[PDB]
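Encoded as structure tokens, the following chain is the form deposited in one PDB entry, with no partner shown.
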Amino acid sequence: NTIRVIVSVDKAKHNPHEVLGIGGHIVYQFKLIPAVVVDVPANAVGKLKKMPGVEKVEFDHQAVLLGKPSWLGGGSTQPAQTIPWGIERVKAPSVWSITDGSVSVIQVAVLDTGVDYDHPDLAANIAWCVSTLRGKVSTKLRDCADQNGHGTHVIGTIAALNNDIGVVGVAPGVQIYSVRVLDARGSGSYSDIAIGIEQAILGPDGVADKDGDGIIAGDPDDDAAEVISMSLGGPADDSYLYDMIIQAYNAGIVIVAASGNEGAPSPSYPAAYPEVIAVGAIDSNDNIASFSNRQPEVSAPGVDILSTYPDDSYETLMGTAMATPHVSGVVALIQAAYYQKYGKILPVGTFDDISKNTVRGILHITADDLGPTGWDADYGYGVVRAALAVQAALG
């Protein structure tokens, strides 16, 4: 029938009429990158490569969610609040006195199944919802709703309300943008994910850098997210997707993804990219989980993690998908605090960074170094600790 491809073009020379010429149908045109998602009869893909202004034609790959219910739970109750073990492990609670992440400029975007936006322990922190499914951007809530539970769970780990009920997130007051890039089954196309990343930048207004001041992540005038979190993976390294990642990085957004759960020598994509923080999983006894893909940047609680779940509910899940929000929360705490004290945010930084001058550099040196000294193939730099990190930030 047809297949979905993603074309990188020379925007000046590429004539879109040509794709319609070959029976192609345009799905979505990227704002931030020179690329377009198009459905073509596989008969035409060859024709596409040979067109002028077509630099590359890449295929629509797949990535998948990285968390699974620990006991095959369908979700359950917490009438009274409890603090999940990971939250303590990560030294979050001490921080709340300084900040809970409720500074206004700060948003955290989670690209995942969607969210249960009416969950009592979530709702007040849910700022914006979108779905990028099938290359259609929808802002209607019915589209936005979690049909899997993985995303609602990822989210509670980051933001869940500090209150009478349920559980509580690393950054319990931070603003959430739930960008749904995965289906009911937890499967996603690489193209929809790239669109999700773009949306996280564009923000609700649709305008990236509306002030045209060159500042986004950390500009109050702007609506951009300052932390994109992807508890998902796939094995493909595609050009266009990287490009979108660079776009986010360049906008100063901190990006975090799960290493993957295959006990692999190295992380899944996008975790594998240089500007993305790859997150490993540890357990309650501080062993690295056997499933956790190796060579992460850092690690965090990934085993038996209680969080929110749909229909106003809670559940325990496992995977590097679970580790990922913990890190994301830490960065949110860090940026929110830094921006509460000075009126800016820190640079994202690099993998080698070991200084207090970068968000990553801070994570790198405030982490609890385990196993072999220094960065290691199992723990990465170590286990992320919020309290130390913030201190480094404000120091």
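Shifts are known only where both forms have a C-alpha. For clarity, a rigid core is taken as the largest C-alpha set superposing within 1.5 Å between two forms. Quick note: we count residues from 1 along the sequence shown, nothing fancier.
As for the form deposited with a partner chain bound, it is not shown, yet the points below apply to it.
So which of 301, 166, 84, 188 reaches within 4.5 angstroms of its partner chain in the deposited complex, heavy atom to heavy atom? Comparing distances to its partner chain in the deposited complex, the residue within 4.5 Å is 188.
Looking at 217, 306, 193, 95, which has any heavy atom no more than 4.5 Å from its partner chain in the deposited complex? It is 193 that has a heavy atom within 4.5 Å of the partner.
Non-hydrogen atom contact residue 231 with its partner chain in the deposited complex at 4.5 angstroms: So residue 231 counts as contacting its partner chain.
Distance check, residue 152 to its partner chain in the deposited complex, heavy atom within 4.5 Å: No - in the deposited complex, heavy atoms of residue 152 and its partner chain never come within 4.5 Å of each other.
Hey, in the deposited complex, is residue 223 touching its partner chain, heavy atoms inside 4.5 Å? Residue 223 lies outside the contact set for its partner chain.
Within a 4.5 Å heavy atom cut-off, is residue 258 in contact with its partner chain in the deposited complex? Residue 258 belongs to the contact set for its partner chain.
Which among 85-93, 98-106, 198-206, 118-126 is in contact with its partner chain in the deposited complex, heavy atoms within 4.5 angstroms? Only one stretch qualifies here: 198-206.
Taking 238, 244 and 319 as the candidate spot, are all three within 4.5 angstroms of its partner chain in the deposited complex by heavy atoms? Looking in the deposited complex, the three residues 238, 244 and 319 all sit within 4.5 Å of its partner chain (heavy atoms).
After the core superposition, state the residue ranges of at least 3 consecutive residues in which each CA shifts by 2 Å or more between this form and the one not shown. Residues 76-78 form the sole shifted run.
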